[PDB]
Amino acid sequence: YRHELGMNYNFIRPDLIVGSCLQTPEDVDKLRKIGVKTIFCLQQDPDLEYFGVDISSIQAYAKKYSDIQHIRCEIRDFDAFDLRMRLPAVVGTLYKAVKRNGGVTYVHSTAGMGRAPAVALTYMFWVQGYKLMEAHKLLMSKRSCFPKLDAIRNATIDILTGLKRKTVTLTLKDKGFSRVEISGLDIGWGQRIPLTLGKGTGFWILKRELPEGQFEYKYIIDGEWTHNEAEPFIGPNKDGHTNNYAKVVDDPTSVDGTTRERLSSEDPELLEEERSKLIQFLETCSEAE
């Protein structure tokens, strides 16, 4: 991501843009000039600090014009789980913003290559009425980005079937270690949580409550990134990493489990009843401001 090259963006539709972060109050004017009426910011505070972006100044400047509304809907960077968890409420807020403001919608994260593309893809999928893979093919033809299709599929299933959590136990045999923690899982790759050394077993142990799906994680052993060979692992993935994974299954025979299987396909064929339920959920979501 080339910050110094300035704010970059892509028209996906005449009413929808996916782009990088606003850097100065002047960027608000550039967007007003192209008919943007909604600035949908997905950035967290630490993301703005790293590049020295004064968000409050940008917000205050956007407040001066009723023409254009600035909205913050935080999603954690570098965290596929938070994406999944946040998509329902985030798109809800986006859905109410577009209905209220119209014009052109500017959806942005920091780089506009992860969070922003995923949110816009989800919106096109649930609200605009596109098939997932067809909207994906459109987005990719316009902008070099890496949206998490798995996260979008899972958020869709989470709305329709609900969230079913089970206890997941992660273990690592101690070989004279002092400090052991994992990253990824449901806390993201920019974060770590410590495991505890079992007094009886001599294994480092971690317990997490996780919904259905597959979650990649890696160990940090005395400040050394590594995967446990005694636990299931996958890769090298498309980011080039070999990670451990935990898989969570409830019951595929169940009616909620059947819909999960159908909607876990690459291009999920969504029922008319299911599409109506998605909209019903978005109407539940709270308007910004």
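Numbers follow the displayed sequence, beginning with 1.
- The question of which stretch, 215-223 or 149-157, has the higher mean Cα B factor is settled in favour of 215-223.
- When 191-199 is weighed against 96-104, 191-199 comes out higher, by mean CA B-factor as recorded in the entry.
- Per the PDB entry, 246 shows the highest C-alpha temperature factor of the residues 28, 246, 42, 34.
- Residue 163: CA B factor lies in the highest third for its chain, per the PDB record.
- Residue 285: CA B factor in the middle third of modelled residues in this chain (values from the PDB entry).
- Ranked within its chain, residue 273 lands in the highest third, by CA B factor from the PDB record.
- Residue 184: CA B factor lies in the middle third for its chain, per the PDB record.
- Ranked against the other modelled residues of its chain, the C-alpha B-factor of residue 38 as given in the entry falls in the lowest third.
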